[PDB]
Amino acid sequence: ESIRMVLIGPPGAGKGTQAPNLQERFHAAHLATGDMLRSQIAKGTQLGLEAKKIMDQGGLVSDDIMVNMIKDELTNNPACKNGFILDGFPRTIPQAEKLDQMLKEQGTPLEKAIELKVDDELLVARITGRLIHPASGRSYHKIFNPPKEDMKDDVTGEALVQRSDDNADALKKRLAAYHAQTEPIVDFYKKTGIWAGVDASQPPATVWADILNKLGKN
């Protein structure tokens, strides 16, 4: 009834689609560094405006900023006492090493790192057709996962938007950055013994059953 885990995958693999499932099943805090940055943007803060430029170019925000953000949420957020799902963090080796140290000092080490494996060619179609409900994070897909009431949140009525970093230009840079900087983290968790791989090219419900299976709960 408690999990401390990391969700790793390329842009469009299905992290934001699966994290609700995990958060419902294990009652864990969902810590998504992308959503945290996007809330800074919506508040119009200075960190938000600087991060927006970097995100829209397909680059990565500084390790120092990202490590500080997570450290404060782990320390000051009460829901993180029940367990947590890290989504989009760590994203570089330095972030992974600093997380390892943090958790060692708190005495709450990671149990699992789930890699969502899916080929790049599929990811373009997923990113191109995405619509998000900006007031929650709810992602839909024009073809693959439609709003029943078009361009509207099926369960909350409000309009869906396109993310500003979801275009072919930014996406090419986001994929290259994933392969260069993030994918090395997978070997880090293989060596520590907590890695499990999942076929993320399957449909959502199939991927969710695969994840439950890989976690050792079901």
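We number the residues from 1 along the sequence you see.
The PDB entry reports B-factors from which the mean C-alpha value can be compared for 104-112 and 117-125; the larger average falls on 104-112. The stretch with the higher mean CA B factor, choosing between 167-175 and 150-158, is 150-158. When the C-alpha B-factors of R91, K81, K98, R130 are ranked from the entry, the top spot goes to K81. Among all modelled residues in its chain, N68 ranks in the middle third by Cα B-factor.
In this PDB entry, the Cα temperature factor of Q23 sits in the top third of its chain's modelled residues, the highest group. Placement of the Cα temperature factor of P184 within the chain: middle third of the modelled residues, per the deposited record. In the PDB entry, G193 places in the highest third of its chain by CA B-factor. Ranked by Cα temperature factor within the chain, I3 sits in the highest third according to the deposited record.
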